[PDB]
Amino acid sequence: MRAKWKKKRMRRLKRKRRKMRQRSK
Amino acid sequence: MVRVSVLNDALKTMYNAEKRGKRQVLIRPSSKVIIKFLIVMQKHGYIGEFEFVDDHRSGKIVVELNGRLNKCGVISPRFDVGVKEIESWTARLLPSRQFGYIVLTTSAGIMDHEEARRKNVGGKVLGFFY
Amino acid sequence: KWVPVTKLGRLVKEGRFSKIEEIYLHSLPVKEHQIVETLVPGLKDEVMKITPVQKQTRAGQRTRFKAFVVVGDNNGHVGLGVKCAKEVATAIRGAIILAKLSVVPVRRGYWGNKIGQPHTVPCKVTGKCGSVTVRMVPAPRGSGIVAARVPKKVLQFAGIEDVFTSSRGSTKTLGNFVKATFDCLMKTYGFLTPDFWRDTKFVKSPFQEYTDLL
Amino acid sequence: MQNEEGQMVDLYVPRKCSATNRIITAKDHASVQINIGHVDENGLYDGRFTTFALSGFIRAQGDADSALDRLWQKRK
Amino acid sequence: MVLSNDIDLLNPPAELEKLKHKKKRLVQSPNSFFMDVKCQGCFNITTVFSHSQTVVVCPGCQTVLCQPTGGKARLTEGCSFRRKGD
Amino acid sequence: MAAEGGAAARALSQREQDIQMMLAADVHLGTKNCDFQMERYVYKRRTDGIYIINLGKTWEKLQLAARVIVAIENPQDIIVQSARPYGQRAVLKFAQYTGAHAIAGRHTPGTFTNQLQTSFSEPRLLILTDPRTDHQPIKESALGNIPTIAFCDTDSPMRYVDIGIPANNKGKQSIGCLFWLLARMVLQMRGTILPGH
Amino acid sequence: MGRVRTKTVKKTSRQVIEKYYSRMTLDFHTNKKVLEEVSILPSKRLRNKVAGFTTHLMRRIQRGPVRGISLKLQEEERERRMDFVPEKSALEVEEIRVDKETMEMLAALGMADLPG
Amino acid sequence: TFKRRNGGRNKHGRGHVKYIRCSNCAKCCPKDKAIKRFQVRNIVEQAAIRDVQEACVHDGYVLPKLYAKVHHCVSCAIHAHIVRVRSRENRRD
Amino acid sequence: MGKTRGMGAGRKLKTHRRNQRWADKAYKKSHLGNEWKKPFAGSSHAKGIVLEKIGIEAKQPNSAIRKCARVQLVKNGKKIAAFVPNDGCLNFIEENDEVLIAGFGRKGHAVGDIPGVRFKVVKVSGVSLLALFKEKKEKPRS
RNA sequence: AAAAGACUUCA
RNA sequence: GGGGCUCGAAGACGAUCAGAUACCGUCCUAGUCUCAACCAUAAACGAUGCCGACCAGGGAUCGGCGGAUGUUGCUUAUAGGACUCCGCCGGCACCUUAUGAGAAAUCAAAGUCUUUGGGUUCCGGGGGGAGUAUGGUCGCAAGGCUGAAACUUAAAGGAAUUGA
RNA sequence: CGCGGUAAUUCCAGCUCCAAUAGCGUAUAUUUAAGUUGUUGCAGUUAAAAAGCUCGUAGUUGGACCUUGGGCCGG
């Protein structure tokens, strides 16, 4: 199962921060 | 499964109830436990009802208690068949401390702990009589 | 002075009872400590542990103290007193009284062999308080009391000389830990031996034997 | 209860119930002893009793009455 | 009283054999039965199973006999029956 | 199950007169559908959703119960109890007939327990009119090693009160009849009693 | 507000009445004198308080029993009522009139009995 | 947490019923957890009854009452209607 | 709930058991190879050379300058901080000497109150740290 | 009922 | 694709607000709906594996069955059926005690594991890092599934209890 | 775990005491403790922990009649 808002925030940030190195800015 | 454990478990909870028996279906390794009880006089009588025509076999028990003290303080299983955990005549783990006996199916047949030990033949524990 | 209040106190002090064995048999509820003192003046005290309690309360803090005292002989008799009071000394005094009320006998016995003179426990026996399991475990003689400081003391009052003990659960909770050890010893009269399976006639209650004198 | 070397040993043979089945402990102050006298015509006929005990445990289980009723017969 | 099992186990009441399933019984049998059902139109009376299942008709007379239902058969209109079989 | 042995005292045997009082008083009127496992005493379930109690079975219990009361040499040590006004009538008159002490009205906790308290009681037997309402006194007696006999209806707890007598604790003449009969029986063995009724 | 009876007043008021009762009256003025005889109360207002409360209670007693006050005279009345005892008001008239169940038992107990 | 034999709250082999929306806020609620209350009530008043019937044809009429079950989001019921709290034993009612 | 008791089923219990051990610290140290990740090789002691004397402030309700020195291991490139215990000893250490360091008894990891200080000083200049503060022995010249 | 947010260390 | 009534992320507006991007008000797109396709996740819950036997009283209700010269029915009469019943298989669950388990709250199962071993399977094995990093795998995409470690640090967490 | 913010039984010296004693500290690895590896000997309602669900294999596990039961002597 799936827990709490820790995983909710980090889900959104999971692929965003991978793509924030291609973007950079 | 194999019944065996079910009889032992049912016996001790029924003692707390103070019932004069519970009556249940029985099998062939659970024919054995009842006859051993008779020898060490937890039972002074046992009867195997309807083992003749019916779908199953069974036996109502007439059981010691309804007296003063319970005779069977504890009986609790120590593994059914289909497993490898094994003792020898020298290996002997035990419960109780000699007040009780350790139920053992030996080579010849089911006998109590002292009988098997003297003959020097090992086997596999069925349960722990305290 | 002595002075017995209650029918129960009258029976014991006025020499109609000679033994504490009788009291246990007929399950007489002790609540006055003086009763047990007359038959057994040989009881020895021992303040085991004092541990702080704290409140925050409606007008100021009101801090109490638990006091553990075990009173007993060294011959099958343990007794457990726990009292909470705002003063350390008062709690200790009360705990001595309480311990005497709660004296309950302990079976010493043998393992395999009938040996010479009971010094061990007849059976494997367990006592539970909170989550802590404490186990009386067969041991050969001359092993000593194999326990930490505090469980040794309890078993000295019990008169047991040789057992292994092992405990699991929170050992660090001082309050509960002392309580857990007591229960094992009292629960000795809860385990079936063929030796005690033997049927007795039933002694007659002092309430019917001494109606006139009460 | 014997010893290896003669002597009857282990003092305080406890009470031990009848209707309930289990040892009557010292802790169990709740437990009770019921004496029902054997009777003759117009007589209590004391000095003859059927003696029974009842645990504290059965007195909470609710089986206390039921168990006593079975045994209450004067001779069995 | 204290009863688990009866004071006379060997003869229980029929209501306590209606408790336990057919397989579970002390003395197991069909609780179902055969019966002879009686019809004016036929000279002889026809033996029938209690749980009809099929809409059984009497052999000679086309009167009917009973109609089936979820348990033991629901007899239809004016007919009579005795409960017997050898 | 039921007890047999001994010799019947005199009036302890059944009479047509004795059954007449009990059935008139309406002791035999049991409660409705609710009915404990302990009750063998129904035989045929009676119309309008109620069970009546076999009074021949009840007779055996009453006859036996008297034997237990008088078996302590000194008669005063038994205390009777009743909060209820119906049973208060029974309690006071019972105490008059026999040695027995009465505690009428509210029980008050710490009478049976709390030995240090002045109101400490030791009784050999306790008779309660209804253990259902008097449940709190049952608790103190249970801890106090005092047996509790009670006249019980089936929805009243025969549970954890030893010697249950199927009754009609609801009210009417029923409670008073039970105590009246009990008093007559206990006096029958070595008391003030006279032959006849 | 103000004029509620205290615990000290409650205990004393019952006690005085119980063991002075024939002498005691409904009259306020005479029962002030009684409290001088029975106790020393140091101030004036204490005497008046107790005297007033007791007389109110005396009225209630002579109009129905009071919960915590029992007198010799009232106890005697209760005793007289509880000396009567027939069957305890069951009669029914000779032979009972049972309604099955017990019918089967009574038949095999050798008791005739009426039914209904 | 678990103080309840009732499990979560009104869930007995179902988990989810079929949703009503509150009269007050329109939040979805399954029917058994909704809180419904019978407000069968007159149009008039206490006082108003008299006035209408005096100045109307027919003896009293019948008076054609208003019937509404009122749906709450739990929270809404707390502020006025029937929740109020309780004592522990009476909560099993 | 209960564990399998069965003649063949032995295999299930064995396979699961190994995984559990990794939660336990002692087995984890070997299995992951965390010992290698920690600055020591697995050695009893390790030697470094003093880069600097650094004055590390104490954490949270403790206030004090602990006074440490950072050493770079001879074996590795790894720079780490080690505590100099005892009165003086900041003078006795000195830059560019060989210092023998050992763990705290924390078995790796920073001590807690001194941030990032993984080790403590056993001896400086081959003498014994213990001797020097006590004034039992004196440092050799050079 | 919508106007109600912050607030050092040992503690 | 059909289809877009309703409502309605974002946006855009009014108050409130130092900010208000919100609750709250107003406009409203995707979407909501349906169909063929993707997808694979939820507090997808009973936070409670599946299966079997046993240990405890009682009343409802759902389903079927059995027994009533019961009621209603009036079915030509009946049988049925709805109703009242008692017995009963298998239910969803409640109720009250719980012998017993548990840390307690509670629980006829969280019992029958210290009386330690009924059969089978899955998972956890301090808290964080981190459910991420990385690789493999998959997905149309979102991203999922599988899933570490460095490093940090002494408690995280539960239930009950007493204060505020 | 904690102490040291100036009368610190936690520091630094001295004294005195404890305590192993020709031996003792310290580090790393390892065994015990640790039932933290659960064979012996675990937990999963709420603390870490039942897969969304079912089918279902490899694999484990699996009922009963079953030349077995009874009788005699000897020591």
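Residue numbers (PDB author numbering), protein chains in the order written: chain Cn, 1 to 25; chain BW, 1 to 130; chain BC, 34 to 247; chain BV, 1 to 76; chain Bb, 1 to 86; chain BA, 1 to 197; chain BR, 1 to 116; chain Ba, 2 to 94; chain BX, 1 to 142.
For every residue, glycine included, the Cβ atom is placed at its ideal position computed from N, Cα and C.
Show which residues of chain BA have a CB atom less than 9 Å away from the CB atom of residue i.
| i | result |
| --- | --- |
| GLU87 of chain BR | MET21, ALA24, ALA25, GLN173, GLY176, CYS177 and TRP180 |
Pick helix, strand or coil for residue i, following the three-state DSSP scheme.
| i | result |
| --- | --- |
| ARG66 of chain BX | coil |
| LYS84 of chain BW | coil |
| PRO85 of chain BC | strand |
| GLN14 of chain BA | coil |
| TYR15 of chain BW | helix |
| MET58 of chain BR | helix |
| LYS119 of chain BC | coil |
| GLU57 of chain BX | strand |
| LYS79 of chain BX | strand |
| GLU52 of chain BX | strand |
| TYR86 of chain BA | helix |
| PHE36 of chain BA | coil |
| residue 1 of chain Ba | No answer is possible for residue 1 of chain Ba: it lies beyond the span of chain Ba, which begins at 2 and ends at 94. |
| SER141 of chain BA | helix |
| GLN2 of chain BV | coil |
| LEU10 of chain Bb | coil |
Please list the partners that residue i has in chain Bb, where partner means a Cβ-to-Cβ separation under 7 Å.
| i | result |
| --- | --- |
| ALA67 of chain BV | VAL2 |
Which residue's Cα is closest to the Cα of residue i: the options?
| i | options | result |
| --- | --- | --- |
| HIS82 of chain Ba | Ba:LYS66, Ba:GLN54, Ba:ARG92 and Ba:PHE39 | Ba:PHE39 |
| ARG25 of chain Bb | Bb:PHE43, Bb:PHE81, Bb:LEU9 and Bb:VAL56 | Bb:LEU9 |
| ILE93 of chain BX | BX:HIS109, BX:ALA64, BX:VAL71 and BX:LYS75 | BX:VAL71 |
| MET1 of chain BW | BW:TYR15, BW:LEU26 and BW:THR13 | BW:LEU26 |
| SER164 of chain BC | BC:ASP216, BC:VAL137, BC:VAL183 and BC:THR123 | BC:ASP216 |
| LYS64 of chain BC | BA:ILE138, BA:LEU116 and BA:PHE179 | BA:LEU116 |
| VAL85 of chain BR | BA:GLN173, BA:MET185 and BA:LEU187 | BA:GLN173 |
| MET21 of chain BA | BR:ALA108, BR:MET105, BR:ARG97 and BR:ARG80 | BR:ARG97 |
| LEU126 of chain BA | BA:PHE151, BA:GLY5, BA:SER156 and BA:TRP180 | BA:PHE151 |
| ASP18 of chain BA | BR:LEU106, BR:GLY116 and BR:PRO115 | BR:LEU106 |
| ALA9 of chain BA | BA:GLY196, BA:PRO85 and BA:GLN188 | BA:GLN188 |
Along chain BV, in chain order, which residues have C-beta atoms closer than 8 Å to that of residue i?
| i | result |
| --- | --- |
| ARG68 of chain BW | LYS16, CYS17, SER18 and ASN21 |
At a CB-CB cut-off below 8 Å, which residues of chain BA make contact with residue i?
| i | result |
| --- | --- |
| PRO62 of chain BC | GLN115, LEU143, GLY144 and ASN145 |
| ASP10 of chain BV | Residues of chain BA passing the Cβ test: none, with the nearest at roughly 26 Å. |
Going along chain BC, which residues have a C-beta under 7 Å from residue i?
| i | result |
| --- | --- |
| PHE120 of chain BA | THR39 |
Report the neighbours of residue i on chain BV: residues whose CB is nearer than 7 Å to its CB, in chain order.
| i | result |
| --- | --- |
| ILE165 of chain BA | Per Cβ cutoff of 7 Å: no residues; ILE165 of chain BA is ~10 Å from chain BV at best. |
For a contact meaning CB atoms closer than 7 Å, what does residue i contact in chain BX?
| i | result |
| --- | --- |
| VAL83 of chain BW | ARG5, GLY6 and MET7 |
Q. Between the segment 60-86 of chain BA and chain BR, which residues of the former have CB atoms less than 7 Å from a CB of the latter, in chain order?
A. Taking a C-beta cut-off of 7 Å against chain BR, none of the residues of the segment 60-86 of chain BA qualify.
Q: For the segment 20-84 of chain Bb, list the beta strand (DSSP E) runs that are entirely contained and at least 3 residues long, ordered along the chain.
A: Entirely contained in the segment 20-84 of chain Bb, the beta strand (DSSP E) runs reaching 3 residues are, in chain order, 34-38, 46-49 and 80-82.
Q: Give, in chain order, every residue of the segment 38-54 of chain BA whose Cβ lies closer than 7 Å to some Cβ of chain Bb.
A: Taking 7 Å as the Cβ-Cβ cut-off, the segment 38-54 of chain BA approaches chain Bb at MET38 and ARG40, given in chain order.
Q: Scan the segment 18-89 of chain BW and note each continuous beta strand (DSSP E) run of 3 residues or more that stays entirely inside, going in chain order.
A: Listed in chain order, the complete beta strand (DSSP E) runs (minimum 3 residues) inside the segment 18-89 of chain BW are 24-26, 57-59 and 75-77.
Q.
Against chain BA, which members of the segment 230-247 of chain BC pass a CB distance test of less than 9 Å?
A. Taking 9 Å as the cut-off between beta carbons, the residues of the segment 230-247 of chain BC near chain BA are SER238, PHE240, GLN241, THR244, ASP245 and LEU247, in sequence order.
Q: Could you run through the segment 99-115 of chain BW and flag, in chain order, every residue whose CB is less than 9 Å away from some CB of chain BC?
A: Interface annotation for the segment 99-115 of chain BW against chain BC: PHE99 and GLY100, criterion Cβ-Cβ distance under 9 Å.
**Q.** Selection of the segment 48-72 of chain BV by Cβ proximity to chain BW, strictly under 9 Å
**A.** Considering only beta carbons, the part of the segment 48-72 of chain BV lying closer than 9 Å to chain BW consists of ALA53, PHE57, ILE58, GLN61, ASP63, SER66, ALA67, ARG70 and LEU71, in chain order.
Q: Give the residues from the segment 20-43 of chain BV that approach chain BA closer than 9 Å (Cβ to any Cβ), ordered along the chain.
A: Close to chain BA, meaning a Cβ-Cβ distance shorter than 9 Å, are the following residues of the segment 20-43 of chain BV: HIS29, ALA30, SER31, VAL32, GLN33, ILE34, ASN35, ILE36, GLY37, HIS38, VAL39, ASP40, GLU41, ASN42 and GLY43.
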